[PDB]
Amino acid sequence: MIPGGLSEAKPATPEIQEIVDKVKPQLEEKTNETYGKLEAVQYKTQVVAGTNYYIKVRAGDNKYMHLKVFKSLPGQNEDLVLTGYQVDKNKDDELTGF
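Calculation notes
- Residues numbered from 1 in each chain as written, not as in the entry; some residues may be left out.
- Heavy atoms only, no water.
- UniProt positions renumbered as here; feature names shortened; annotations may be inferred.
- 1 Å grid on protein atoms, 1.4 Å probe; cavity = no way out; pocket = protein on both sides within 12 Å on 5 of 7 lines; lining within 4 Å.
- Points joined across faces, edges and corners; volume = space filled by probe spheres on them.
- Helix = DSSP H or I, 4+ residues; strand = E, 2+ residues; numbered from the N terminus.
- Nonpolar A, V, L, I, M, F, W, Y, C, P; charged D, E, K, R; others polar.
- Pairing = 2+ DSSP bridges.
- Expected span 1.5 Å × (residues − 1).
- Bend = angle between axes of the 7 residues up to and from the residue.
- Buried < 20%, exposed > 50% of the residue type's maximum accessible area, 1.4 Å probe, protein only.
- Contact = heavy atoms within 4.5 Å.
- Salt bridge = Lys/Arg side-chain N within 4 Å of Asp/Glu carboxyl O.

Naming follows the PDB entry, where the chain appears as STEFIN A of Homo sapiens. As recorded in the PDB, the entry bears the title "SOLUTION NMR STRUCTURE OF HUMAN STEFIN A AT PH 5.5 AND 308K, NMR, MINIMIZED AVERAGE STRUCTURE". Recorded in UniProt under Subcellular location, the annotation for the chain is "Cytoplasm". As its UniProt record puts it under Sequence similarities, the chain is described as follows: "Belongs to the cystatin family."

Written out as structure tokens, the structure reads:
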């Protein structure tokens, strides 16, 4: 049931820009780059032990940067983790199952 959401590339929102804005610092230390404002543009949801994430945020300049985070449904003050992320990505690159 629910074979990987990954529905159409939904339009980023204030909650999506928050997921990538929360991993912005976890990205410069996991890939070794100095990203910046990640204006979310699109994002695909997911499912498994809660709800993963997919986001194609712009890396400040015209550059971009996909994103992948996991959200715990249960738990108190959680901390969305950065499951993955496609550095140096563009707009022609779709998140798809990644």
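Chemist: When you look at the layout of surface pockets in this model, what are you seeing that I'm missing?
Modeler: In this approach, a probe sized like a water molecule rolls over the atoms, and the result shows the empty space that is left. Approximately 230 Å³ is the volume found for the largest pocket. Here the lining of the largest pocket takes four residues from helix 1 (residues 16-28), the largest share from any one element. Grouping the amino acids of the lining of the largest pocket by side-chain chemistry returns five nonpolar, two polar and five charged.

Chemist: Just checking my understanding: could you explain the sheet that holds strand 1 (residues 10-11) for this structure?
Modeler: The pairing of strands in a sheet comes from backbone hydrogen bonds and takes either a parallel or an antiparallel form. Spatially, 1-2-4-5 is the arrangement adopted by the four strands of the open sheet, whose pairing is antiparallel. At either margin of the open sheet sits one strand with a lone partner, and together these are strand 1 and strand 5 (64-65). With two bridges connecting them, strand 1 and strand 2 (residues 40-43) associate as antiparallel partners. Looking at the pairing, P11 lines up with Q42 of strand 2.

Chemist: Quick question: what am I supposed to make of the pairing of strand 4 (residues 55-58) here?
Modeler: Every other side chain in a regular strand lies on the same face of the sheet, so the side chains alternate between the two faces. In this structure, strand 2 lies alongside strand 4, joined through two bridges in antiparallel fashion. Of the residues in strand 4, the one forming a bridge with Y43 is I55. Pairing between strand 4 and strand 5: two bridges, direction antiparallel. Looking across to strand 5, one finds that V57 is bridged to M65. With antiparallel pairing between neighbouring strands as the criterion, strand 4 and strand 5 make up a hairpin whose turn holds five residues, including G60 at a positive phi of roughly 65°.

Chemist: Could you clarify how one ought to interpret helix 1 in this entry?
Modeler: Each full turn of the α-helix corresponds to 3.6 residues, which orients residues three or four apart in the same direction. Over its 13 residues, helix 1 runs 18 Å from end to end, which matches the ideal 18 Å to within 8%, given 1.5 Å per residue. Roughly 30° is the biggest bend found in helix 1, and it falls at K22, with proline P25 one to four residues downstream. Among all positions of helix 1, only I16, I19, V20, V23 and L27 are buried. Each element contacted by the buried residues of helix 1 is listed here: strand 2, strand 4, strand 5, strand 6 (68-71) and strand 7 (81-84).

Chemist: Looking at this structure, how should I read the pattern of salt bridges?
Modeler: Pairing between side chains becomes possible if they bear opposite charge and their charged atoms approach one another. On inspection of all chains with the given rule, the structure shows two salt bridges. Salt-bridge contacts for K44 lead to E94; the nearest nitrogen and oxygen are separated by 3.6 Å. Residue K44 is located in the loop between strand 2 and strand 3 (51-52), and its partner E94 is located in the segment after strand 7; the two are separated by 50 residues in the primary sequence. On the basis of relative accessibility, which here comes to 53%, the residue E94 falls in the exposed class. Residue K89 pairs with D93 through a salt bridge whose shortest N-O separation is 3.8 Å. According to the relative accessible area criterion, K89 is partly exposed, its value standing at 25%.

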